[PDB]
Amino acid sequence: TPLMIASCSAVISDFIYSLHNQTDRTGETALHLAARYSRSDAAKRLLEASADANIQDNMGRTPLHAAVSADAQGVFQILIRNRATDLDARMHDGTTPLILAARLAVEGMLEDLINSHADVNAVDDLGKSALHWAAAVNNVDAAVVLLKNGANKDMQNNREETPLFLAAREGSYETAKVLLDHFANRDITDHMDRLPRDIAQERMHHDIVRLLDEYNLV
Amino acid sequence: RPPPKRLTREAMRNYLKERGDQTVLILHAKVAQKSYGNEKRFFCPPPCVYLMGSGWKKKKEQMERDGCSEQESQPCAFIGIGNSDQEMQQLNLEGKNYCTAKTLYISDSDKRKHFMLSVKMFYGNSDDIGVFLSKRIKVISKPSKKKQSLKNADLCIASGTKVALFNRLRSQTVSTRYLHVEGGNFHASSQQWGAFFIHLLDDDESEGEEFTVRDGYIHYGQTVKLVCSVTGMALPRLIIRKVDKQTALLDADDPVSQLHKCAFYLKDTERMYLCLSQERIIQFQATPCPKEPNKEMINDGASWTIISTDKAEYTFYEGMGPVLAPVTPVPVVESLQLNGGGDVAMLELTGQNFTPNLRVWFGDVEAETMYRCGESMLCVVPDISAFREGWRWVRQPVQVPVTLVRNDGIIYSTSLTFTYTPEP
Amino acid sequence: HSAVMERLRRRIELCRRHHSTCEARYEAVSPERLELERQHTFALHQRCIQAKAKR
DNA sequence: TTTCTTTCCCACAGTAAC
DNA sequence: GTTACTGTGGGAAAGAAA
């Protein structure tokens, strides 16, 4: 707790000259707080003094996850630049930093993670790749980068939904178009034999239906 | 007609005080025997549909205190098979708080591997309630009495899950009785059916309650303990044995599957089993044995059927009175993570069926909310000041509750509870 | 701080705009959706009424 | 050939309406 | 008693996966 207060808000270094102590409520370590409150200097010091950058807190998040969630560019650079750091870390629900990067509309961390060799076709416990999340959220730029760096465009999640399908359900016209551009298979049914066109017609997403029907065919 | 009303601060306070939520709820099997030709193999157990919650009554009263027949304020309801071109069957909910769907079945005309039950539901005066669906159900062309490996699960009971148990007298659909529970003891009603926790135990297990369960799928030969998911009363230790041709085997390692006839041996009393005597549940011994030292013949009445069970559950509240639309689709909030801290705290919510028209409320405070997608939503933790006059920082832990609220006033309760804490 | 803050203003505005788009996509379609549901509710309610008369 | 899985068939034994 | 019918469960037939 004493080391944690300096990092979370000379102090970090002097106490060190405890460390991996987890809190009772959240279960985060000093590194986690440094990441969350986005205190860059503190995270560097904690790492310097050989800290474990992969301790999971009560929900499975490591400091890197905390880093993306809090959009802390500095702590994030520091953790990815760190070798020990697991980039394909996993929360209890299977969520990965590459995925939070897709979801929270954070500038560039998704590509930095990709460039620093994170697995792109990794998936959450529901079996959703970042490309799937990218479609749900209609994050076109992330969708392009995931695709250029070899994502599986026709990947199916536990419910047999492809990324094109989630875009069809939410009506992500721009991402839906990009997936089509890349020849995404528009004929892959979900677990209840439903075409993305079908999910789209139901939600009255007329443009996505227009695209499924006439865009980049044969 | 009265324009949609934004839930007000005061209305929220009232709700937090009273809290008379209305909640639908659907219990059912995870599997279903597909019916061929013009047959009809009804879903067993029969999908029950309880209507829990003090709110349903408050709604009944409110409707009448506005000129409604006993017949105008009666929740109605039909059950069906997802998107199938058939006919939804009606459930009679008069006076009853629940109702089973005794004659549901899936033809082979339907090619889907899965489907989920659709339960349409409105009030007598055609006022609309919503459409709630069951968790997915898998279609099987016939149970597999053959061998079952541990790669194609979803078909193997697993310590922790729930299951229903029913006995079928001489092949007559009208006999079927399910292990149930009422008045503290185990019945065998051919009316209701209970879901049971089927915990796996290591042979070196103790006596009664306060025992420890261990993960793992269930194969015959293990010591399992069945508990009533509702009442709590449970059956003393047992050993599920694969059966066939009236013989309760002892030498069987095979993993228990879906819709598998099996007998339940007791706590090494001797060789006594658990049976149904066309009435209630009473002891037994299974005299026959001289066939082999590992193939104890048993009397027809304890060869139950094991089937795994799930439960879909939705709950809402009319926080601003009647609404033009249905309360369906209901928001389930599975995970609630904090994002950052202090001056910027935000909250990522993940769950199902979210929609652009919800704001999340922290106690009686409405917080800005950004819709990401059906399963993800973000919102902004409101300054601690909004809960403690002076406070420019969190002087002490203040735990308010989190809750989703549609734009027309429906309020969907969660269970989660954001707690403000001092920034270390 | 202005550079980082500027990145922050930029992120929320993006979330905010995305939300605004989805809500409007959703609301614009509400009438079409609500009228289609009521049409079905009517059919059952009509049937619920006749089922009562048969008794 | 094997080994299953999915479709067919058909006869117990209850119901229902005479 | 007589008749016409209908879920079920068990086993044969048709395919489909080794």
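Residues numbered from 1 in each chain as written, not as in the entry; some residues may be left out. Chains lettered and ligands numbered in written order. Heavy atoms only, no water. Residues with missing side-chain atoms left out of burial classes, pairs and counts.

The name recorded for chain B in the PDB entry is Recombining binding protein suppressor of hairless, isoform 4, from Homo sapiens. Under its PDB record, the entry appears with the title "Crystal structure of activated Notch, CSL and MAML on HES-1 promoter DNA sequence". Its UniProt record, at the heading Sequence similarities, says of chain B: "Belongs to the Su(H) family." (UniProt positions renumbered as here; feature names shortened; annotations may be inferred.)

Under the PDB entry, chain A has the name Neurogenic locus notch homolog protein 1 and belongs to Homo sapiens.

Quick look at the protein's contact with DNA strand D
Residues and elements named next belong to chain B. The local shell around DNA strand D consists of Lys-34, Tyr-36, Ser-141, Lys-142, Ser-144, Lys-147, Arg-170, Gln-172 and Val-174. Sugar plus phosphate, as a fraction of atoms of DNA strand D within 4 Å of the protein: 72%. The contact in question runs from a phosphate oxygen of DNA strand D to an N or O atom on the side chain of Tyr-36, over 2.7 Å. Measuring from a phosphate oxygen of DNA strand D, one finds a side-chain N or O atom of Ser-141 at 2.7 Å. (Near = heavy atom within 4 Å. Polar contact = N/O pair within 3.5 Å; in protein donor to acceptor, adjacent residues only side chain to side chain.)

A closer look at the protein's contact with DNA strand E
All names here are of chain B. With respect to spatial proximity, the complete set of residues near DNA strand E consists of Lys-40, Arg-41, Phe-42, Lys-142, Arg-168, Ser-171, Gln-172, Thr-173 and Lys-261. Between DNA strand E and the protein, one listed contact pairs a phosphate oxygen with a side-chain N or O atom of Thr-173 at 2.7 Å. Of the residues contributing to the surface near DNA strand E, the split by class is one nonpolar, three polar and five charged. (Nonpolar A, V, L, I, M, F, W, Y, C, P; charged D, E, K, R; others polar.)

Overview of the pattern of salt bridges
Counted under the stated rule, the structure contains 32 salt bridges over all chains. In this structure, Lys-135 of chain B and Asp-310 of chain B form a salt bridge, with 3.6 Å as the shortest nitrogen-oxygen distance. Of this pair, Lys-135 of chain B sits in the loop between β9 (128-133) and β10 (137-140) while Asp-310 of chain B sits in strand β23 (residues 304-312), placing them 175 residues apart in sequence. Classification of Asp-310 of chain B as partly exposed rests on a relative accessible area of 25%. Ionic pairing is found between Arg-16 of chain C and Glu-368 of chain B, a salt bridge with its closest N-O pair at 2.5 Å. With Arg-16 of chain C in helix α1 (residues 2-54) and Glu-368 of chain B in the loop between β28 (365-367) and β29 (369-373), the pair connects residues from two separate chains. Overall, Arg-16 of chain C belongs to the partly exposed group, its relative accessible area being 38%. Bridged by salt links that share partners, the residues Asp-71 of chain A together with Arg-7 and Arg-11 of chain C form one connected network. (Salt bridge = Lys/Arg side-chain N within 4 Å of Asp/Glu carboxyl O. Helix = DSSP H or I, 4+ residues; strand = E, 2+ residues; numbered from the N terminus. Buried < 20%, exposed > 50% of the residue type's maximum accessible area, 1.4 Å probe, protein only.)

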